[PDB]
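# Secondary and tertiary structure notes
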Protein chains: 2
Amino acid sequence: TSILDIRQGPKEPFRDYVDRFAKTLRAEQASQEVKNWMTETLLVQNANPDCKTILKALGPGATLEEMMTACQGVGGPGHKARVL
Amino acid sequence: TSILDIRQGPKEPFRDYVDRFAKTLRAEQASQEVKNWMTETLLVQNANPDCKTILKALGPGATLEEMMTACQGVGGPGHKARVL
């Protein structure tokens, strides 16, 4: 698949979205600098409205852990949650 | 070195800038889809102000030959020609 295709669902937990993004980025062939630029552009760009707004409030210096913790309330169970 | 750093000079002919961008893009490790998005984004973003304006009017999906036709003569003669 391509990193360009990873976009957050409207109810998708940030943690699930960033996990898909990171896994897809590992599989992408690119230099480390290009991967850093991919992350700096597309992760916030392709987040849902509430997560995108929270990420922007953290700023370009934000770490993954800070992003995940700041976004942890948002969205629904997601597709990995087990009810049955 | 990195495609991320290819930037047009203020008087640099657009075709000289594109030759540098293209050679560096060819050498970059990336999927063709990623290259295509790099070109859509970086070539314009890193163009000089005068060419950038014309390129944004022309819009995404213009061919190189159309970009060249639009940007020809914008700027100075560049450094290709030997005077001495």
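Residues numbered from 1 in each chain as written, not as in the entry; some residues may be left out. Chains lettered and ligands numbered in written order. Heavy atoms only, no water.

## Points about the overall build of chain A
We apply this condition: By the criteria applied, helices consist of DSSP H or I runs no shorter than four residues and strands consist of E runs no shorter than two, each listed in order from the N terminus. This radius of gyration counts C-alpha atoms alone. The globule rule is 2.2 Å times how many residues there are, raised to the power 0.38. The classification of residues rests on relative accessible area computed with a 1.4 Å probe and restricted to protein chains. Under 20% of the type maximum is buried, over 50% is exposed, and intermediate values are partly exposed. Pairs of residues are marked as contacts when any of their non-hydrogen atoms sit within 4.5 Å. Surface exposure here means Shrake-Rupley accessible area, sampled with a 1.4 Å probe, where a residue is shielded only by the protein chains that are shown. In this tally, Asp and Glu contribute negative charge and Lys and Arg positive charge; neither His nor the terminal groups of the chain are included. Where a charge sits is defined by one atom per residue type, namely NZ (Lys), CZ (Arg), CG (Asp) or CD (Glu).
Along chain A, the regular secondary structure elements total 4 helices and 0 strands. From first element to last, N terminus to C terminus, chain A shows the α and β order α-α-α-α. Taken over C-alpha atoms, the radius of gyration comes to 13 Å for chain A, in line with the 12 Å a tight globule of 84 residues would show. On the principal axes, the C-alpha backbone points of chain A span a range of 40 × 30 × 20 Å. Scored against the burial criterion, the 84 residues of chain A give a buried share of 39%. Across chain A, the fraction of contacts at a sequence separation of at least 24, relative to all contacts at a separation of at least 6, is 51%. As displayed, chain A offers around 5200 Å² of accessible surface, 56% of which is attributable to carbon and sulfur atoms. Across chain A, the mean location of the 11 positive side-chain charges is 6 Å away from that of the 10 negative side-chain charges.

## A short note on the relation of the copies chain B and chain A
For clarity, the cut-off: Between copies, superposition follows a least-squares criterion applied to the C-alpha atoms.
Once chain B is rotated about the relating axis by 179 degrees and shifted along it by 0.3 Å, it coincides with chain A to within an RMSD of 0.7 Å. Here the symmetry operator amounts to a two-fold rotation axis. Closest approach to the rotation axis among the C-alpha atoms of chain B is made by B:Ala30, whose C-alpha sits 2.6 Å away. Here 93% of the contact residues of chain B are again contact residues in chain A; the copies associate through an equivalent surface.

## Points about the interface of chain B and chain A
Often, the extent of an interface is quoted as the loss of accessible area upon association of its parts. The criterion, for reference: Accessible surface is computed with a 1.4 Å probe, and the buried area is the amount of it that two parts give up when combined, taken over both parts together. A side-chain nitrogen of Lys or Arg and a carboxyl oxygen of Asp or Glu constitute a salt bridge if their distance falls within 4 Å. Pairs of N or O atoms within 3.5 Å make up the polar contacts considered here, provided that, within protein, one atom can donate a hydrogen while the other can accept it, and that residues adjacent in sequence are counted only when both atoms are side-chain atoms. We call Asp, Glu, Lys and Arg charged. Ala, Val, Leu, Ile, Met, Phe, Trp, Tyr, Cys and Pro are nonpolar, and the rest, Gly among them, are polar.
Across the boundary between the two partners, chain B contributes 14 residues, which contact 13 residues of chain A. Taken together, the two surfaces of chain B and chain A that pack against each other cover about 1100 Å², and 67% of this comes from carbon and sulfur. For the chain B face of the interface with chain A, the top three residues by lost area are B:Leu4, B:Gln29 and B:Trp37, together amounting to 52%. At the surface where chain B touches chain A, the tally comes to 0 salt bridges. Counting across the interface, chain B meets chain A through 0 residue pairs in polar contact. In terms of residue class, the side of chain B that touches chain A is made up of 7 nonpolar, 4 polar and 3 charged.

## Remarks on the side chain of A:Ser2
With respect to the helices and strands, the residue A:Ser2 is situated in the segment before α1 (14-27). If sequence neighbours within four positions are ignored, A:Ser2 has contacts with A:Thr24, A:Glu28, B:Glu33 and B:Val34.

## Describing the nonpolar core
Note the cut-off: By nonpolar core is meant a set of buried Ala, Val, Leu, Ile, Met, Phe, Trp, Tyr and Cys residues that side-chain atoms within 4.5 Å join together.
Grouped together as the largest cluster of nonpolar side chains are 44 residues, with contacts concentrated most on A:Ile3, A:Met38, B:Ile3, B:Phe14 and B:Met38. Counting only elements with at least two residues in this core, the list comes to α1, α2 (32-45), α3 (49-58) and α4 (64-71) of chain A together with α1 (14-27), α2 (32-45), α3 (49-58) and α4 (64-71) of chain B. Take this core: its biggest share by element is 6 residues, from α2(B). Contact partners of B:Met38, with chain neighbours within four places excluded, come to A:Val34, A:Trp37, B:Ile3, B:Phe21, B:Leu25, B:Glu28, B:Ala30 and B:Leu43.

## So, the environment of A:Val18
All names here are of chain A. Looking at where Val-18 falls in the secondary structure, it is placed in helix α1. What makes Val-18 buried here is its relative accessible area of 5%. Distance from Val-18 to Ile-6, taken between C-alpha atoms, is 9.1 Å for residues 12 residues apart in sequence. Aside from chain neighbours lying at most four places away, what touches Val-18 is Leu-43, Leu-64 and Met-68.

## Here's the deal with the side chain of B:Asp16
In this fold, B:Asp16 is placed in helix α1. Dropping the residues within four chain positions of it, B:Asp16 is found in contact with B:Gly78, B:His79 and B:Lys80.

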